[PDB]
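**Student:** So that you have it, the file is model_10.cif, and it contains mmCIF, C-alpha atoms and all ligand atoms:
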data_final
#
loop_
_atom_site.label_atom_id
_atom_site.label_comp_id
_atom_site.auth_asym_id
_atom_site.auth_seq_id
_atom_site.Cartn_x
_atom_site.Cartn_y
_atom_site.Cartn_z
CA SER T 4 77.31 167.37 116.45
CA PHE T 5 76.48 168.64 119.92
CA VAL T 6 73.28 170.44 119.01
CA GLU T 7 71.35 167.17 119.14
CA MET T 8 72.21 167.12 122.82
CA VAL T 9 71.22 170.59 123.90
CA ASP T 10 68.08 170.52 126.14
CA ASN T 11 68.28 166.74 126.67
CA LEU T 12 67.61 167.19 130.37
CA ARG T 13 64.53 167.90 132.47
CA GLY T 14 63.60 167.70 136.19
CA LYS T 15 61.28 169.20 138.86
CA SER T 16 62.82 171.76 141.22
CA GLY T 17 64.74 169.92 143.96
CA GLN T 18 64.37 166.45 142.40
CA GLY T 19 67.49 166.44 140.18
CA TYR T 20 68.05 166.24 136.42
CA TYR T 21 67.36 163.41 134.00
CA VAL T 22 68.34 162.26 130.55
CA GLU T 23 66.37 159.77 128.38
CA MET T 24 68.12 156.43 127.98
CA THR T 25 67.39 153.02 126.42
CA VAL T 26 68.21 149.60 127.71
CA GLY T 27 68.11 146.13 126.14
CA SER T 28 66.89 144.61 122.86
CA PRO T 29 64.26 145.72 121.92
CA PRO T 30 65.19 149.17 123.38
CA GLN T 31 63.46 150.05 126.66
CA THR T 32 63.04 153.77 127.47
CA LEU T 33 63.75 155.19 130.93
CA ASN T 34 64.44 158.56 132.49
CA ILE T 35 67.83 158.34 134.20
CA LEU T 36 69.00 160.82 136.83
CA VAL T 37 72.32 162.38 136.16
CA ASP T 38 74.67 162.06 139.06
CA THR T 39 78.28 163.29 139.34
CA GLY T 40 78.06 162.44 142.98
CA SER T 41 78.24 158.59 142.62
CA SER T 42 79.53 155.90 140.24
CA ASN T 43 76.76 153.40 139.69
CA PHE T 44 74.29 152.91 136.90
CA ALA T 45 71.01 151.68 138.43
CA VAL T 46 67.46 151.38 137.09
CA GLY T 47 64.24 150.17 138.71
CA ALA T 48 63.52 146.58 137.65
CA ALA T 49 60.35 145.87 139.68
CA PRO T 50 56.97 147.55 140.48
CA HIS T 51 56.90 150.46 142.87
CA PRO T 52 54.17 152.97 143.77
CA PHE T 53 56.34 155.88 142.58
CA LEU T 54 57.62 154.09 139.42
CA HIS T 55 55.51 154.75 136.32
CA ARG T 56 57.40 152.09 134.30
CA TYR T 57 60.46 149.88 134.77
CA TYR T 58 63.00 147.47 133.32
CA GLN T 59 62.03 143.91 132.53
CA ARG T 60 65.15 141.89 131.95
CA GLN T 61 63.13 138.95 130.75
CA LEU T 62 62.12 140.86 127.51
CA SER T 63 65.71 141.82 126.61
CA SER T 64 67.46 139.44 124.22
CA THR T 65 70.80 141.06 125.29
CA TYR T 66 70.57 140.90 129.11
CA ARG T 67 73.44 138.88 130.70
CA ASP T 68 73.48 137.95 134.40
CA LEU T 69 76.44 138.50 136.71
CA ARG T 70 74.76 136.78 139.67
CA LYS T 71 75.76 139.32 142.28
CA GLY T 72 73.56 141.46 144.45
CA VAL T 73 74.46 145.09 145.22
CA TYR T 74 73.57 147.77 147.74
CA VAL T 75 74.05 151.56 147.54
CA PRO T 76 73.25 154.14 150.25
CA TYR T 77 72.97 157.80 149.37
CA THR T 78 72.66 160.77 151.70
CA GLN T 79 69.05 159.71 152.57
CA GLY T 80 67.58 157.14 150.16
CA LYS T 81 69.09 153.75 149.32
CA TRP T 82 68.46 150.72 147.05
CA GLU T 83 69.45 147.11 146.53
CA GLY T 84 69.26 144.95 143.49
CA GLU T 85 70.93 142.59 141.00
CA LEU T 86 73.87 143.15 138.70
CA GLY T 87 73.59 142.32 135.04
CA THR T 88 74.99 143.78 131.82
CA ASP T 89 73.10 144.94 128.72
CA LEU T 90 73.12 147.34 125.75
CA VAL T 91 72.41 150.99 126.49
CA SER T 92 71.80 154.17 124.46
CA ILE T 93 71.11 157.87 124.80
CA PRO T 94 68.63 159.01 122.13
CA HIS T 95 69.55 162.68 122.61
CA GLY T 96 73.32 162.07 122.84
CA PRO T 97 76.14 160.51 120.90
CA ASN T 98 75.21 157.94 118.33
CA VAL T 99 76.50 154.74 119.96
CA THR T 100 75.41 151.62 121.76
CA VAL T 101 77.39 150.22 124.66
CA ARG T 102 77.41 147.14 126.84
CA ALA T 103 77.39 148.47 130.38
CA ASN T 104 76.96 147.30 133.95
CA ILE T 105 73.39 147.80 135.29
CA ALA T 106 72.05 147.39 138.78
CA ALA T 107 68.53 146.14 138.48
CA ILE T 108 66.79 147.69 141.50
CA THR T 109 64.57 145.10 143.32
CA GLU T 110 63.77 146.95 146.58
CA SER T 111 64.39 150.49 147.64
CA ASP T 112 63.79 153.00 150.41
CA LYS T 113 63.23 156.78 150.10
CA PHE T 114 64.89 156.69 146.63
CA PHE T 115 62.21 157.12 144.04
CA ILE T 116 60.26 160.31 144.52
CA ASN T 117 56.51 160.76 144.01
CA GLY T 118 55.78 162.32 140.61
CA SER T 119 59.51 162.06 140.11
CA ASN T 120 59.44 161.22 136.47
CA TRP T 121 62.82 159.43 136.70
CA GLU T 122 63.20 155.69 136.99
CA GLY T 123 66.96 155.17 137.54
CA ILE T 124 70.30 156.91 138.18
CA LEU T 125 73.52 157.46 136.22
CA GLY T 126 76.55 157.82 138.43
CA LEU T 127 79.20 159.68 136.48
CA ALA T 128 81.94 159.70 139.12
CA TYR T 129 84.91 157.37 139.17
CA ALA T 130 85.44 153.65 139.60
CA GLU T 131 87.22 154.12 142.86
CA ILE T 132 83.86 154.69 144.53
CA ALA T 133 81.85 152.11 142.60
CA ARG T 134 79.76 149.58 144.56
CA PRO T 135 80.27 146.82 145.57
CA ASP T 136 83.96 147.25 144.63
CA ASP T 137 85.99 149.27 142.08
CA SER T 138 86.09 146.47 139.48
CA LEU T 139 82.59 147.49 138.46
CA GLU T 140 83.42 149.82 135.52
CA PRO T 141 81.00 152.81 135.75
CA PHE T 142 78.82 153.56 132.78
CA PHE T 143 80.94 156.41 131.39
CA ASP T 144 84.23 154.47 131.47
CA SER T 145 82.60 151.78 129.36
CA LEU T 146 81.46 154.33 126.86
CA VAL T 147 84.97 155.80 126.50
CA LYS T 148 86.49 152.29 126.22
CA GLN T 149 84.10 150.92 123.62
CA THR T 150 83.81 153.95 121.32
CA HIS T 151 85.59 157.03 120.08
CA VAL T 152 83.63 159.32 122.33
CA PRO T 153 86.24 161.69 123.90
CA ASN T 154 86.70 161.26 127.71
CA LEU T 155 84.98 164.53 128.59
CA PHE T 156 81.46 165.76 129.39
CA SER T 157 79.64 168.95 130.30
CA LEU T 158 76.53 169.96 132.11
CA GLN T 159 74.58 173.15 131.69
CA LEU T 160 71.87 173.11 134.30
CA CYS T 161 69.28 175.85 134.22
CA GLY T 162 66.57 177.47 136.50
CA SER T 175 59.83 172.71 135.57
CA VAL T 176 63.65 173.02 134.90
CA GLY T 177 65.91 171.84 132.01
CA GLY T 178 69.49 171.80 130.80
CA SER T 179 71.98 169.94 128.70
CA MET T 180 74.53 167.21 128.98
CA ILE T 181 77.09 167.40 126.23
CA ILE T 182 78.77 164.01 126.01
CA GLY T 183 82.30 163.99 124.67
CA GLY T 184 82.89 167.70 124.01
CA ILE T 185 82.15 171.35 124.78
CA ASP T 186 79.42 173.34 123.09
CA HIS T 187 80.48 176.90 122.64
CA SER T 188 76.93 178.03 122.15
CA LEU T 189 76.23 177.34 125.81
CA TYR T 190 78.52 179.73 127.70
CA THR T 191 80.07 183.16 127.60
CA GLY T 192 83.44 184.61 128.67
CA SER T 193 86.33 182.29 129.49
CA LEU T 194 86.43 178.73 130.77
CA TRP T 195 88.42 178.53 133.99
CA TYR T 196 89.77 175.15 135.11
CA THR T 197 90.48 173.81 138.52
CA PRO T 198 92.38 170.54 138.96
CA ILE T 199 90.58 167.36 139.99
CA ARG T 200 92.49 166.64 143.17
CA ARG T 201 91.91 162.88 143.03
CA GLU T 202 89.81 160.72 140.69
CA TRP T 203 87.13 159.34 143.06
CA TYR T 204 84.39 161.94 143.53
CA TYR T 205 84.94 164.98 141.33
CA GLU T 206 87.14 166.41 144.07
CA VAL T 207 88.41 170.03 144.03
CA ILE T 208 90.14 172.55 146.35
CA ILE T 209 88.48 175.76 147.58
CA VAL T 210 91.15 178.26 148.56
CA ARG T 211 89.38 181.45 149.70
CA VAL T 212 85.69 182.36 150.47
CA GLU T 213 84.24 185.88 150.36
CA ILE T 214 80.74 187.03 151.25
CA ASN T 215 80.07 190.44 149.78
CA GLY T 216 83.78 190.83 149.26
CA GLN T 217 84.68 190.04 152.87
CA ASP T 218 86.97 187.07 153.46
CA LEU T 219 85.70 184.62 156.05
CA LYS T 220 89.32 184.47 157.11
CA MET T 221 89.31 180.83 158.11
CA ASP T 222 92.25 178.46 157.59
CA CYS T 223 91.46 177.28 154.02
CA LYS T 224 91.58 173.74 155.38
CA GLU T 225 88.10 174.33 156.76
CA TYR T 226 86.77 174.83 153.24
CA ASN T 227 87.80 171.33 152.14
CA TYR T 228 87.20 169.24 155.33
CA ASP T 229 87.01 166.42 154.57
CA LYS T 230 86.61 167.06 150.83
CA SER T 231 85.11 169.41 148.32
CA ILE T 232 83.22 167.99 145.35
CA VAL T 233 81.08 168.92 142.37
CA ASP T 234 77.87 166.99 142.66
CA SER T 235 74.86 167.26 140.37
CA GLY T 236 73.12 164.70 142.57
CA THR T 237 72.79 167.13 145.48
CA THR T 238 70.52 170.12 145.29
CA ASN T 239 72.12 172.39 147.88
CA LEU T 240 75.39 174.09 148.59
CA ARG T 241 76.50 172.13 151.61
CA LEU T 242 79.26 173.35 153.88
CA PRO T 243 81.33 171.87 156.73
CA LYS T 244 79.97 172.74 160.21
CA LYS T 245 82.38 175.61 160.90
CA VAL T 246 82.13 177.12 157.46
CA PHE T 247 78.35 176.78 157.44
CA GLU T 248 78.18 178.72 160.74
CA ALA T 249 80.36 181.63 159.68
CA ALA T 250 78.49 181.81 156.39
CA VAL T 251 75.09 181.95 158.13
CA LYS T 252 76.34 184.54 160.61
CA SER T 253 77.48 186.74 157.78
CA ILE T 254 74.23 186.33 155.83
CA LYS T 255 72.11 186.87 158.96
CA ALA T 256 73.91 190.23 159.38
CA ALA T 257 73.74 191.35 155.70
CA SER T 258 69.99 190.86 155.96
CA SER T 259 69.10 191.69 159.55
CA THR T 260 66.76 194.47 158.40
CA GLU T 261 64.27 191.64 157.85
CA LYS T 262 63.40 188.77 160.19
CA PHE T 263 62.65 185.11 159.69
CA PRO T 264 61.83 181.89 161.55
CA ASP T 265 64.80 179.62 162.44
CA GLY T 266 63.54 176.56 160.63
CA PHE T 267 64.34 178.82 157.69
CA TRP T 268 68.10 179.05 158.21
CA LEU T 269 67.89 175.28 158.58
CA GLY T 270 65.89 174.71 155.40
CA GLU T 271 62.61 173.94 157.16
CA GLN T 272 60.32 176.97 157.04
CA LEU T 273 59.80 178.91 153.83
CA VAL T 274 59.77 182.69 153.78
CA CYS T 275 57.48 184.83 151.72
CA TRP T 276 57.04 188.34 150.29
CA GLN T 277 54.42 189.53 147.82
CA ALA T 278 55.11 188.72 144.09
CA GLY T 279 57.93 190.89 142.63
CA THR T 280 58.65 192.52 146.09
CA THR T 281 61.41 189.96 146.80
CA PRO T 282 64.19 192.01 148.40
CA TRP T 283 67.20 190.59 146.56
CA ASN T 284 69.64 193.41 147.25
CA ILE T 285 69.69 192.51 150.98
CA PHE T 286 71.24 189.13 150.23
CA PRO T 287 74.99 188.98 149.66
CA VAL T 288 76.84 187.29 146.81
CA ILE T 289 79.20 184.41 147.70
CA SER T 290 82.54 184.00 145.93
CA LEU T 291 84.28 180.66 146.11
CA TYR T 292 87.87 180.80 144.91
CA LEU T 293 89.11 177.47 143.33
CA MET T 294 92.69 176.37 142.84
CA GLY T 295 94.00 177.24 139.39
CA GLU T 296 95.93 175.51 136.67
CA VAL T 297 99.08 177.57 137.21
CA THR T 298 101.26 177.81 140.28
CA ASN T 299 99.96 180.34 142.88
CA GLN T 300 96.97 181.11 140.66
CA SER T 301 93.25 180.88 141.46
CA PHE T 302 89.94 181.94 140.11
CA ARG T 303 86.54 182.75 141.55
CA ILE T 304 82.94 181.88 140.92
CA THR T 305 80.41 184.22 142.43
CA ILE T 306 76.95 182.96 143.45
CA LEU T 307 73.82 185.07 143.42
CA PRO T 308 71.02 184.94 146.09
CA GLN T 309 68.88 183.80 143.23
CA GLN T 310 70.66 180.50 143.44
CA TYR T 311 70.92 179.83 147.11
CA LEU T 312 67.26 180.67 147.65
CA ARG T 313 65.34 178.09 145.71
CA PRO T 314 61.75 178.90 144.90
CA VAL T 315 58.83 176.76 146.20
CA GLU T 316 55.25 176.93 144.76
CA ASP T 317 52.34 177.90 147.16
CA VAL T 318 50.10 176.47 148.75
CA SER T 321 49.52 181.44 146.81
CA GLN T 322 49.90 185.11 145.65
CA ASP T 323 53.31 185.27 147.36
CA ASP T 324 56.69 184.12 145.95
CA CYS T 325 58.15 181.64 148.49
CA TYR T 326 61.71 180.22 148.95
CA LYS T 327 63.81 177.62 150.77
CA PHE T 328 67.36 178.43 151.94
CA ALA T 329 69.60 176.18 149.87
CA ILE T 330 72.78 176.23 151.88
CA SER T 331 72.71 173.41 154.44
CA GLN T 332 75.21 171.86 156.86
CA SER T 333 77.44 168.96 155.82
CA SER T 334 79.89 166.78 157.60
CA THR T 335 81.32 165.07 154.62
CA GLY T 336 82.90 168.26 153.20
CA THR T 337 81.67 170.88 150.74
CA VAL T 338 79.19 169.85 148.12
CA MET T 339 78.75 172.18 145.23
CA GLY T 340 75.23 170.98 144.46
CA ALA T 341 72.92 171.99 141.63
CA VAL T 342 72.44 175.29 143.31
CA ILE T 343 76.00 176.27 142.65
CA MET T 344 76.04 174.62 139.24
CA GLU T 345 72.99 176.50 137.85
CA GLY T 346 74.95 179.73 137.24
CA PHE T 347 77.55 177.97 135.11
CA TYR T 348 78.58 175.74 132.19
CA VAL T 349 80.60 172.99 133.92
CA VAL T 350 83.20 170.97 132.02
CA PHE T 351 84.20 167.63 133.39
CA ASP T 352 87.63 167.28 131.65
CA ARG T 353 88.31 163.72 132.67
CA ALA T 354 91.01 163.56 130.03
CA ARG T 355 93.01 166.29 131.76
CA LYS T 356 92.04 165.73 135.37
CA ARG T 357 90.27 169.15 135.58
CA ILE T 358 86.83 170.75 135.94
CA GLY T 359 86.17 173.94 133.97
CA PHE T 360 83.64 176.67 134.93
CA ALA T 361 82.23 179.34 132.65
CA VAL T 362 79.15 181.63 132.97
CA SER T 363 76.12 179.72 131.71
CA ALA T 364 74.12 180.91 128.65
CA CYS T 365 71.01 180.39 130.83
CA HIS T 366 72.25 182.58 133.74
CA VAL T 367 69.56 184.28 135.84
CA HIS T 368 69.68 188.06 135.73
CA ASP T 369 69.43 190.45 138.67
CA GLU T 370 69.26 194.07 137.42
CA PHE T 371 72.33 195.22 139.40
CA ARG T 372 74.60 192.22 140.11
CA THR T 373 75.69 189.20 138.08
CA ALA T 374 77.17 185.72 138.73
CA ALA T 375 80.72 185.59 137.36
CA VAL T 376 83.63 183.36 136.62
CA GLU T 377 86.55 185.65 137.26
CA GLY T 378 90.34 185.39 137.12
CA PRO T 379 93.18 185.34 137.73
CA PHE T 380 93.95 185.77 141.41
CA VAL T 381 97.13 185.24 143.36
CA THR T 382 96.94 183.06 146.44
CA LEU T 383 99.84 181.46 148.25
CA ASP T 384 100.40 178.00 149.78
CA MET T 385 97.31 176.68 148.02
CA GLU T 386 97.90 172.97 148.75
CA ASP T 387 98.10 173.84 152.41
CA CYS T 388 94.35 174.05 151.68
CA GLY T 389 93.77 170.34 150.93
CA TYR T 390 92.75 168.09 153.84
CA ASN T 391 94.73 164.97 154.83
CA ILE T 392 93.40 162.18 157.14
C1 LIG T 401 70.68 163.89 147.71
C2 LIG T 401 71.49 162.68 147.36
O1 LIG T 401 71.66 161.80 148.20
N1 LIG T 401 72.02 162.64 146.12
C3 LIG T 401 72.79 161.52 145.57
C4 LIG T 401 72.07 161.07 144.29
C5 LIG T 401 70.59 160.94 144.63
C6 LIG T 401 69.66 161.84 144.12
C7 LIG T 401 68.31 161.71 144.46
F1 LIG T 401 67.41 162.55 143.98
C8 LIG T 401 67.86 160.71 145.32
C9 LIG T 401 68.79 159.83 145.82
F2 LIG T 401 68.35 158.90 146.62
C10 LIG T 401 70.14 159.93 145.50
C11 LIG T 401 74.29 161.86 145.41
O2 LIG T 401 75.03 160.78 144.82
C12 LIG T 401 74.94 162.16 146.75
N2 LIG T 401 76.38 162.42 146.64
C13 LIG T 401 77.27 162.39 147.84
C14 LIG T 401 77.10 160.97 148.40
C15 LIG T 401 76.33 160.70 149.54
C16 LIG T 401 76.15 159.36 149.93
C17 LIG T 401 76.70 158.29 149.20
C18 LIG T 401 77.47 158.52 148.06
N3 LIG T 401 77.97 157.54 147.31
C19 LIG T 401 77.20 156.58 146.80
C20 LIG T 401 78.07 155.85 146.01
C21 LIG T 401 79.34 156.42 146.07
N4 LIG T 401 79.29 157.51 146.87
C22 LIG T 401 77.61 159.87 147.68
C23 LIG T 401 78.70 162.59 147.40
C24 LIG T 401 79.63 162.68 148.60
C25 LIG T 401 79.24 163.88 149.45
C26 LIG T 401 77.83 163.74 149.95
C27 LIG T 401 76.87 163.55 148.80
#
Is it possible to give me this structure as structure tokens?
Ligand SMILES: CC(=O)N[C@@H](Cc1cc(F)cc(F)c1)[C@H](O)CNC1(c2cccc(-n3cccn3)c2)CCCCC1

**Tutor:**
Amino acid sequence: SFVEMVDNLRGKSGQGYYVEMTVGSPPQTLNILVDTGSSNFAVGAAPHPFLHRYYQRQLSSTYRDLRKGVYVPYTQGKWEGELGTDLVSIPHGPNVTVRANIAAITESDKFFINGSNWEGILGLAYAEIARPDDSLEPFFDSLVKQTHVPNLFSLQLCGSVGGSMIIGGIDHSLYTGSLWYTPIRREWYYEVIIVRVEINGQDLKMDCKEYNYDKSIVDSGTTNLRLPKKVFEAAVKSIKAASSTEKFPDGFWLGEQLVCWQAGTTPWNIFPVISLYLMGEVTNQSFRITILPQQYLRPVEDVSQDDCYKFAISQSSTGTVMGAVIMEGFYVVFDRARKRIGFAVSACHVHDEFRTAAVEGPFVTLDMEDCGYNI
């Protein structure tokens, strides 16, 4: 009964997506941020100027202490706190209650965001990357272990944003066309292999190794599409040239300055589509997902009569991160059971008059695992 789970997510633009959760007995209600880019369940357990409420272990009859501290750094923010267990539930999700590890956050730096609305984080990636070590069963593993909930989940994230997390199944009412699956290369991050990249139908013609150096992952926790140095540079060059008719600051191409045009006069057609071809389920076979400018140019609210945008492709140097920006076009299936991620066109796709984000296959592509990086 997946309908009870549709629209169970909210967020502000750029500040990630959250699902309502309860902890303890009596139930305590938090907003938890939904992260496929880490493996730890953490909640704020102490005052903070950005926290509107928090978790008070004392008042939970079912708290149990593990007497271990923990520390977790993210790309920018970080937090430390104390590890206990407790009972946990998702009001707008499957009907079960599980005993799960919880990091009680005691102090924190650049983690909570002002007017964030979320109070904790739900790392949905794999034990291998759990902190402090991989013996700390991540929330979702516990759920699968303790219940009958199938080892599968899906995220439909949409363009004051919202979306849905379908726990334990796929909801056909949320996509169109065909699901295409790409193998999970290794169960740590949701790691995948990008085999070909085209901007406006022109191949970047790099060794496909450069697409997955040092990895390529699907990460709801990151907003942007983030590309290795070399790939980022070629991409930018090609987008500078497809839209050289207009001119911008340079902070812009670095995600610093905004750029502006008058309401409705936003010149979409001058920005190229990006196609990322992912490894397929069948030998020599791939598929593509095509990104619209509407995704890689996030809006920002001014501050007044102009529509204004940040460039949402940034540099990386820990590999390619398909952030929310990539994920917004698509219904994304995390088929843990079959070590694959499926992509279909989202029901809440965002519609240019002349061009459209697509999941398309099949393609032929040779020596595809020459594309994976090795240390
Ligand atoms: C923006 C941000 O940083 N998002 C957090 C989620 C997030 C969202 C947010 F809004 C504020 C935050 F502080 C953190 C997300 O996991 C980051 N995910 C990566 C990451 C980066 C740094 C550490 C870890 N990691 C931690 C444990 C295991 N791996 C993971 C995954 C590897 C590739 C780079 C991004």

**Student:** What is the distance between atom CA of residue T:66 and atom CA of residue T:93, in Å to one decimal?

**Tutor:**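 We find that atom CA of residue T:66 and atom CA of residue T:93 lie 17.5 Å from each other.
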
**Student:** Considering only C-alpha atoms and all ligand atoms, can you say which of T:26, T:133, T:54, T:155 comes closest to ligand LIG 401 (chain T)?

**Tutor:** T:133

**Student:** Quick one: residues within 12 Å of residue T:91, only C-alpha atoms counted, chain neighbours fewer than 3 positions away excluded, as a ChimeraX atom specification?

**Tutor:** /T:23-33,35,44,46,63,65-66,88,94,96-105,125,142-143,145-146

**Student:** Nearest to residue T:262 among T:226, T:114, T:247, T:276, with distances taken over all atoms listed in the file: which residue is it?

**Tutor:** T:276

**Student:** Check every protein, DNA and RNA residue against ligand LIG 401 (chain T), keep those with an atom at most 8 Å away (counting all atoms listed in the file), and present them as a short mmCIF file (atom, residue, chain, number, x, y, z; two decimals) with C-alpha atoms, in the frame of the given file.

**Tutor:**
data_model
loop_
_atom_site.label_atom_id
_atom_site.label_comp_id
_atom_site.auth_asym_id
_atom_site.auth_seq_id
_atom_site.Cartn_x
_atom_site.Cartn_y
_atom_site.Cartn_z
CA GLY T 17 64.74 169.92 143.96
CA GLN T 18 64.37 166.45 142.40
CA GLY T 19 67.49 166.44 140.18
CA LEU T 36 69.00 160.82 136.83
CA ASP T 38 74.67 162.06 139.06
CA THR T 39 78.28 163.29 139.34
CA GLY T 40 78.06 162.44 142.98
CA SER T 41 78.24 158.59 142.62
CA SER T 42 79.53 155.90 140.24
CA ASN T 43 76.76 153.40 139.69
CA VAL T 75 74.05 151.56 147.54
CA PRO T 76 73.25 154.14 150.25
CA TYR T 77 72.97 157.80 149.37
CA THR T 78 72.66 160.77 151.70
CA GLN T 79 69.05 159.71 152.57
CA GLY T 80 67.58 157.14 150.16
CA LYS T 81 69.09 153.75 149.32
CA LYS T 113 63.23 156.78 150.10
CA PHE T 114 64.89 156.69 146.63
CA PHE T 115 62.21 157.12 144.04
CA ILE T 116 60.26 160.31 144.52
CA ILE T 124 70.30 156.91 138.18
CA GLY T 126 76.55 157.82 138.43
CA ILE T 132 83.86 154.69 144.53
CA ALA T 133 81.85 152.11 142.60
CA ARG T 134 79.76 149.58 144.56
CA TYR T 204 84.39 161.94 143.53
CA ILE T 232 83.22 167.99 145.35
CA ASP T 234 77.87 166.99 142.66
CA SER T 235 74.86 167.26 140.37
CA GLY T 236 73.12 164.70 142.57
CA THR T 237 72.79 167.13 145.48
CA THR T 238 70.52 170.12 145.29
CA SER T 333 77.44 168.96 155.82
CA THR T 335 81.32 165.07 154.62
CA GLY T 336 82.90 168.26 153.20
CA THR T 337 81.67 170.88 150.74
CA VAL T 338 79.19 169.85 148.12
#
